[PDB]
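Quick notes on the structure that follows.
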Amino acid sequence: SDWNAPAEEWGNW
Amino acid sequence: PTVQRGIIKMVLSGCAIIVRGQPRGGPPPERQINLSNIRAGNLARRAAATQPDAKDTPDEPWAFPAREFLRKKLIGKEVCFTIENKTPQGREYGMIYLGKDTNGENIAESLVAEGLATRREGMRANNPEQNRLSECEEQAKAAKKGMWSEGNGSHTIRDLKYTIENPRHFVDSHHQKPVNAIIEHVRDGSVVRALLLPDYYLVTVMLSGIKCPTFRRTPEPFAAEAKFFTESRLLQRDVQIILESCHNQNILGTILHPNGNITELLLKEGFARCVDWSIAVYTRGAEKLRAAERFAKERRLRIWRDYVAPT
Ligand SMILES: [Cs+]
């Protein structure tokens, strides 16, 4: 689980 | 014509796209996908040390607006794509759609529709797909968008600056006021390459007060993971950077984003530790960095897996 991709997306909009 | 899914990692020069799957084990798979049937302008390039006789070429007109167009619309988004061709040298060509089905927004069409990419000269007759690119192109020429505007388009060519005359003065002149920037690359978890606005400075930014595991010619424990942690949140994202200090050309600072502080996040995840040589230049309260690190150490997270509490 040390490859943590964000749940919420970090978008430019 | 097999629709496969994926997530936009970054937008490349000539509007090429890197797509990734989600972490199912270790590093997520990557895929460079060139857009079929269209040709976008080439971004500025800096000559590699591998090729010493080569020199830095600038931006082609409307190349950077083309990259910025896709960056604003694709970064972090889920897309579906189909591969049309795969050259023997490994290069893949295909179509990219915004959404979950192939009837969503066609990226190639969006570019051509706004005069940010032109049709490739085909010698044969247009297929159904190549026909709409023609319609998009004519609508763009009629509206005089982008490359179809009146003049050079030389104003869209960045005066890229890979160095700074006097780093200390440049940082002090901003008085720790947040600077609009784009995170172009991620070396490791706590050091990134940022494009500073409005004068297009390409600089190296190190996070103040912390240090992630790094690579040295090779990766340290949790180096690749920490890099991905920062990459999956900030790569080609619009951010604000507080220019706090500098050492030579390297700039010490803090990256601001509506979703949170990556410096605190890295510490709380145990992907980084507090360092005392630079913690004084952290302007957003050093005591919170201590709390974030203390949080992770108590739970033996990542880099603190082999931590031995005093007793
Ligand atoms: Cs023109």
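All positions are counted from 1 along the displayed chain.
Looking at the header, which is where the method is noted, we find X-ray crystallography, 2.7 Å.
Just so it is clear, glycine is given a Cβ too, placed from its N, Cα and C backbone atoms.
According to Swiss-Prot, the feature motif 'Nuclear localization signal' maps to residues B:299-303, out of the candidate ranges B:139-143, B:209-213, B:294-298, B:299-303. Residue annotated by Swiss-Prot as phosphothreonine (from the set B:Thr57, B:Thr87): B:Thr87. 6 residues between B:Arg217 and B:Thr218 have no modelled coordinates; the flanking Cα atoms are 6 Å apart. Tertiary proximity for the motif 'Nuclear localization signal' (B:299-303) is limited to same-chain residues at least six positions away from its ends with a CB under 8 Å from its CB atoms, namely 213, 221-222, 225, 269-273. As a summary of secondary structure, the motif 'Nuclear localization signal' (B:299-303) carries 2 helix, 0 strand, 3 coil according to DSSP. Taking the Cα atom of each, B:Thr87 (phosphothreonine) and B:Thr218 (phosphothreonine) are about 32 angstrom apart. Secondary structure of the domain 'TNase-like 1' (B:2-150) per DSSP (helix as H, G, I; strand as E, B; remaining residues coil): 41 helix, 44 strand, 64 coil. Take the CB of B:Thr218 (phosphothreonine) and look out to 10 A: across all protein chains shown you find 7 other CB atoms.
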